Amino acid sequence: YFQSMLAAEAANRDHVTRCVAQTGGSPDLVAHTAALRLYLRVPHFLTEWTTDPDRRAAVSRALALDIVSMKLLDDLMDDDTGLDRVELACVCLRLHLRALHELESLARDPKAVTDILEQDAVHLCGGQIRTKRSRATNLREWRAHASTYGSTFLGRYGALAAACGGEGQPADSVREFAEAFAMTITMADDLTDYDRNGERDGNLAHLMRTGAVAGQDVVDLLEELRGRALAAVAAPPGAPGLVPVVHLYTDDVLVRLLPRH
């Protein structure tokens, strides 16, 4: 099942790029949203605890919609991309409105969705505002900024994934996996995004390159995140299928990322 994954990634990549295009997406944007592999695939992982296949394929795409929406919300603020700003915005909002719509139907408690989304919208947002204001300058201090725009971000789709997955789901363990997994990813993004498009202010790669964070710490943490992640997957019932993934990813930062630095 390092198949089931790319099949859902293909299925979610299709649903999204079809909403993107039919809304006025340009050939550079449908193309952009189609190439957001990780985002499109992540939903599959968040719904691993979900039993019925259809409802699984269901919530997997719903999440993929809002996740990309959110993504484009970024690209519009970061402003790098080079795509048109007008589209990025509409399409963003479009996709969202939609995810809300579908997620809202796959819910047991309709009111449930808007709950999760609101619960800490202040943390998620004030956290990414301040994150980019007072750029971090040390681990205990980067792992704090990464705990918001990263951990809490995915934490929520984790919760949604659970509120729309169908009763008998380790509600909070799903979230634990989400929040844990998410950070290993952020480190994966920082350790890579320094080399590729030369970055440096607040970056987790720079802070290592200037004795502001010991490589041994980075690792310690990366190893804790696996621990924390693998822990939540076990929680009963348990998501055997994710055990391989958690390793596959954490092992990838360790193997091909941390070495460059």
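When you see a residue number, it is the position in the sequence shown, counting from 1.
Student: In the PDB record, does 139-147 or 91-99 carry the higher mean Cα temperature factor?
Tutor: Mean B over CA atoms: larger for 139-147.
Student: Mean Cα B factor from the PDB record: higher for 218-226, or higher for 62-70?
Tutor: Taking the mean B-factor of the alpha carbons in each, 218-226 is higher.
Student: What's the residue among 104, 167, 115, 75 with the greatest CA temperature factor in the PDB record?
Tutor: Answer, based on the entry's C-alpha B-factors: 167.
Student: For the chain shown, is the CA B-factor of residue 212 in the lowest, middle or highest third of its modelled residues?
Tutor: Answer is highest: the recorded C-alpha B-factor places it there.
Student: Select lowest, middle or highest to describe the third in which the CA B-factor of residue 178 falls within its chain in this entry.
Tutor: Residue 178: CA B-factor falls in the lowest third of its chain.
Student: Please place residue 126 in the lowest, middle or highest third of its chain by C-alpha B factor as given in the entry.
Tutor: Residue 126: CA B-factor falls in the middle third of its chain.
Student: Lowest, middle or highest third of the chain for the C-alpha temperature factor of residue 185?
Tutor: Middle third.
Student: Using the B-factors in the PDB entry, rank residue 33's C-alpha atom against the chain and give the third, lowest, middle or highest.
Tutor: Ranked within chain, residue 33 CA B lands in the lowest tercile.
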